[PDB]
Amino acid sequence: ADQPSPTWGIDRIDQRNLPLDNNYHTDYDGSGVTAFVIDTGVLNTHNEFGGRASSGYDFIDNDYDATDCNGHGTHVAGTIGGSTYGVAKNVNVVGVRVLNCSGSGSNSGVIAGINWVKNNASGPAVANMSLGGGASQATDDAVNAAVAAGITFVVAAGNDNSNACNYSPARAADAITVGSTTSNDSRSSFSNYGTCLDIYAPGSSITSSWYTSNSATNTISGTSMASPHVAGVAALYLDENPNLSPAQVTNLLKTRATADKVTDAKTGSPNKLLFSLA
């Protein structure tokens, strides 16, 4: 399929070179794959999802209603799997709410959400974590264990304009850690960087769904916006080949990535820009 006039992020990922061609081509769509969005919740009824979004668990309220009262998780989820704004337009979306209405949460609750995905994922699965905090081996262990259990984890590098290795789950060995770029292929000014990164993806001024109505959109910036582009492409690859392990997904992302495009990428950063096609 070819989507004309896509938002810039997804426009960027299906081509090697600028300028943007105002087209988002897909050969796959994330069919048969589930993307777990560990975040502020998801507005399941948003027009973007067409029924494909449902609640996993809410660790803020302690119940099964993982609706979004912040917006962040809905935006992240639309980048992964929205009809208009999304990479993988037929993926299943499951909200795992670990962040409150103000976008905050405890290490304990985030770990609870990671474990929940590990224990509940069935079939080809990817999990996205557009969130981070101070270095935590407890958090890293939970991520690494969920990955060892067969779920590809994709996480934001963080918005500190610093070495991403200082933060969890960014530094977690088996996380795919995602830095942010702009529409001219610069590292975003806020993007964390360095050897704990695996890949770069569009993260500045990304348009996607928002929680205020079933048709609402928002345009926001962050490694939190870059992460779901990568999670969405993992879902494409797992539709294409449902037999890939997380390690094989990681390798395929890296071998398929566009090389040597990111300017000001910083010492130790992999100069790899997300590429969605096979």
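The numbering used is simple: start at 1 and walk along the sequence shown.
Peer 1: Mean C-alpha B factor from the entry: is it higher for 179-187 or for 103-111?
Peer 2: The stretch with the larger average C-alpha B-factor is 103-111.
Peer 1: Which has the higher mean CA temperature factor in the PDB entry, 57-65 or 227-235?
Peer 2: The entry gives the higher C-alpha B-factor average to 57-65.
Peer 1: From the list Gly95, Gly71, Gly133, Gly81, select the residue with the highest C-alpha B factor recorded in the entry.
Peer 2: Going by the entry's C-alpha B-factors, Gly133 comes out highest.
Peer 1: Checking the entry, which one of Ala170, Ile199, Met129, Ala121 has the top C-alpha B factor?
Peer 2: Among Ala170, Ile199, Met129, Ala121, the PDB entry lists the largest C-alpha B-factor for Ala121.
Peer 1: Should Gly222 be placed in the lowest, middle or highest third of its chain by the C-alpha B factor in the entry?
Peer 2: Bottom third by C-alpha B-factor.
Peer 1: Among all modelled residues of this chain, ranked by Cα B factor, put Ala35 in the bottom, middle or top third, i.e. lowest, middle or highest.
Peer 2: Middle third - that is where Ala35 ends up once the chain's C-alpha B-factors are sorted.
Peer 1: Can you work out whether the C-alpha temperature factor of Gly203 puts it in the lowest, middle or highest third of the chain?
Peer 2: Its C-alpha B-factor, which the entry lists for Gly203, ranks in the lowest third among residues of this chain.
Peer 1: Sort the modelled residues of this chain by their C-alpha B factor and say whether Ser209 lands in the lowest, middle or highest third.
Peer 2: Its C-alpha B-factor, which the entry lists for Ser209, ranks in the lowest third among residues of this chain.
Peer 1: Using the temperature factors of the C-alpha atoms in this entry, rank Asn166 within its chain: lowest, middle or highest third.
Peer 2: Highest third, going by the recorded CA B-factors of the chain.
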